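Chains as they are written, first to last, in the authors' numbering: chain LX, 92 to 152; chain Lp, 13 to 53; chain Ll, 1 to 94; chain Lc, 1 to 62; chain Lo, 1 to 51; chain LY, 1 to 130.
Where a beta carbon is used, it is the ideal one built from N, C-alpha and C, also for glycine.
Report on one structure; see the data block that follows.
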RNA sequence: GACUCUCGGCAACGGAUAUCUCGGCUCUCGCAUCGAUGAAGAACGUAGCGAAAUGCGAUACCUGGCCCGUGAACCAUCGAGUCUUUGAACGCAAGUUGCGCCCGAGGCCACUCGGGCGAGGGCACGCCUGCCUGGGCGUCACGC
RNA sequence: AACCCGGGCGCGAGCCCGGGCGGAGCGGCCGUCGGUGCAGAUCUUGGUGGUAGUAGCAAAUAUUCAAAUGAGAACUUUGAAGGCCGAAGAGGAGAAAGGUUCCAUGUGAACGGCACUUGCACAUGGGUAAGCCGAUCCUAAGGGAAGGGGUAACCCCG
RNA sequence: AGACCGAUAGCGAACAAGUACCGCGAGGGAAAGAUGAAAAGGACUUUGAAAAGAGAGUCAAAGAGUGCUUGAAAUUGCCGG
RNA sequence: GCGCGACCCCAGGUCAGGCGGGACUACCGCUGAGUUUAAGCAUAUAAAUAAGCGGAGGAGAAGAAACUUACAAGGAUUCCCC
């Protein structure tokens, strides 16, 4: 899953934040400053609960 | 570090000091590397 | 060989970068000094022989200032009075 | 209720316990107005303004 | 290497870059007054970046 | 220039203050002169208008027309009245904004609180009259 | 029977002239502080569409105190709150960011000995006043 | 009022009218104020003519024939033919520096010293993902923080 | 407030102004107002490489049509003597 | 020829309580030029200016006489007028 996050992020707080609010374990998180001014984060999830049907209830393309 | 990176004479592709070999496309233990001579003019 | 035409290309290297204190490209990085505000330097650079445009800038001008002024105009620090609720009420008399 | 809210006086006459459930509900719904930004509806306009105020009202009042 | 990395210049350069966009069709319309030639809008070839 | 201990005269500031107008000064721009029956029930020469009022066009080409006020704009104090429109080149029909000075209020939506102000101005104007 | 001189007509170009003035200039009265309880200087966010502007602040044109009774704001709002981050900038560093250590209630597992989450707080600008800590200075008590 | 054209008076500075235009302000007498009169000052600023459809768009000889697409094709794109680049007069990877110039789609007023369907021009979207690359930790000319003291003080040695 | 100035004047700045822009930096620094009573701010049709043009429509007025009041000069074209 | 507890001087820490360091346009307190003028120039003048520096307030600053005096009286101190 791919989120845009705050600029006083990390990877541990997002690995927690995603966990609370979407009920999923996340395995790694990858973090970028963007030409937006914003932080672009790619969040790789456990196969136990797949990004596809995690996503569907807040659909995203 | 004084080792800099090793750049391949065939492909010209840069691949470490710990990698033994190049591989940019099938370069594949062609061993045709020379290191960056470690900094000029 | 020589001056400007070749010496403009040589150049690549940097002295004046942004200051943290004033927000203006003027901080002389390897001589650790701002030629626009002083930094490091305890009190902010003001010279009063650099007269008209420069003096006004160094005063600054981008303030909140309304926010201080409204208190200054009030004087107090208290507010009670909560009038206009069904009865109604007590901003009229009788 | 099930419809959006609020008045200033209504929050004031709610307990600390009530208003934080209300603050809870509000972030959650706000969170919806973020995915509903992909939709781009005019309902997510009006509402994303007015929810912003309701958060500010709950935060001040507490 | 990175591609000079530091976040602290790098963000602010990216802010000026986001700030250098067109005015938004609307602000020409409601409008008070102007040939709205925005104007602080800066270019890859010409004049020169500042901090 | 002429008189009273107050803030204001003043040909530079007043022309600036009222053309771009701040709020109660914007509320004052919304005043339209009463019709005569209302003028003697509520005892006043002019009142701020409204939206379920009814208004007769005196000044313009529209002069003689009467209609309900659709909406009024604060920013550029103008009001739109029903059926006072002109048709755009495509043919769509657009309202024509009118200044309140041009119009006179035939009928008011009385309210109760705004009614209470009406009840207040009547009391005021009894002290000039008798 | 070319092309060319001078003046004019008609038009353009250009933006003088004349009036207008959401502005100054100047003179004058009034009034008069803001601060380490983070001012003032600046950053970058902040919108439906957001590049301007002024306005704000990681809460983000803030805001606290749809037409017949509590919406809106240089209506006055002599009214008060957030006030991120840098900035005197104060834990430390620094190209408006970052940083590693200590302390932590209350959830847990072992459910015995222990661990491990978590808000929040702390890490010489100087000086005074109250408390601890140590010799140095003249000594009393004391046995020799 | 202003402007343009002429008519009348005054040696005259200048006054006045008629026509057109313009579409709101304008005089006269007296008494006063004064940012009070230009052709000029290598005068300033702005505009504008001749210079002129003139100089430049010339040295690596670089394209040519078919074809695509297009309202439009010498210069966009395919193929063929033909060359040029060789420590890089035009290959690969990068430092600084730039600062989004990258990719895609859609355009074409300005640019490109010309055409332009094209583009590094314009507009809108999109892309950069680190336990094992680098930052980061160390320490080197030194920037130095730390007495005392000159110095009001800034500031400077230790 | 005014025997001030009135858009080359007055502040550098009537507007997006210490903006656009210049300089490594200290610092330097412009040009920039006015359709109309009301947007009524140019439908519909013909044409065209594009813009635009033609015709028509609105208004007292479009040589009032968008840096749109007036519209000099210097200048250009056409044209008349 | 001696150790100890206590008084008293100095020093470091500590948390507390309290204040101060920067700012606002000028006003408002030390150091301290030159062009210039004297048709030159060196004292003198420009000028105790400008500038630099420090620090205050809504105003500062100055104040109730070891004062004036030229008599014979006045009676803290600024400022205005001369």
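Short Cβ contact (7 Å threshold) for residue i with residue j
i	j	result
residue 27/Lc	residue 36/Lc	no
residue 19/Lc	residue 62/Lc	yes
residue 25/Ll	residue 7/Lo	no
residue 145/LX	residue 115/LX	yes
residue 83/Ll	residue 92/Ll	no
residue 100/LX	residue 129/LX	no
residue 78/LY	residue 67/LY	no
residue 96/LY	residue 57/LY	no
residue 10/LY	residue 31/LY	no
residue 23/Lp	residue 36/Lp	yes
residue 46/Ll	residue 61/Ll	no
residue 7/LY	residue 49/LY	no
residue 134/LX	residue 109/LX	yes
residue 33/Lc	residue 48/Lc	yes
residue 21/Ll	residue 39/Ll	yes
residue 69/LY	residue 53/LY	yes
Beta-bridge pairing of residue i - partner residues as DSSP gives them
i	result
residue 1/Lc	None; residue 1/Lc has no bridge partner.
residue 18/Lp	47/Lp
residue 95/LY	85/LY
residue 123/LX	131/LX
residue 95/LX	131/LX
residue 67/LY	55/LY
residue 73/LY	78/LY
residue 90/Ll	Its beta-bridge partners do not exist; DSSP assigns none.
Closer than 7 Å to chain Ll by CB, residue i
i	result
residue 51/Lo	yes
Interface flag, residue i vs chain Lo, CB-CB below 7 Å
i	result
residue 126/LX	yes
residue 18/Ll	yes
residue 25/Ll	yes
Extent of the continuous beta strand (DSSP E) run through residue i
i	result
residue 56/LY	54-57
residue 25/Ll	25-28
residue 47/LY	46-48
residue 107/LY	103-107
Buried/exposed call for residue i, threshold 16 Cβ in 10 Å
i	result
residue 29/Lo	exposed
residue 19/Lo	exposed
residue 19/LY	exposed
residue 119/LY	exposed
residue 73/LY	exposed
residue 27/Ll	buried
residue 51/Lc	buried
residue 122/LY	exposed
residue 42/LY	buried
residue 105/LX	buried
residue 18/Lp	buried
residue 84/LY	buried
residue 62/LY	buried
residue 49/Lo	exposed
residue 57/Lc	buried
Residue-level contact to chain LX via CB, residue i, 7 Å cutoff
i	result
residue 39/Lo	no
residue 5/Lo	no
residue 63/Lc	With chain Lc represented from 1 up to 62, any question about residue 63/Lc goes unanswered, as that position is not in the structure.
residue 16/Lo	no
Where the alpha helix (DSSP H) containing residue i begins and where it ends
i	result
residue 135/LX	Not the alpha helix (DSSP H): residue 135/LX falls in the beta strand (DSSP E), residues 130-136.
residue 17/Lo	7-19
residue 97/Lc	Past the boundaries of the shown model lies residue 97/Lc; chain Lc is included only from 1 to 62, so the question cannot be answered.
residue 30/Lc	16-39
residue 131/LY	Outside the shown range of chain LY, which is 1 to 130, sits residue 131/LY, and nothing can be said about it.
Test: residue i CB closer than 7 Å to a CB of chain Lc
i	result
residue 95/LX	no
residue 149/LX	yes
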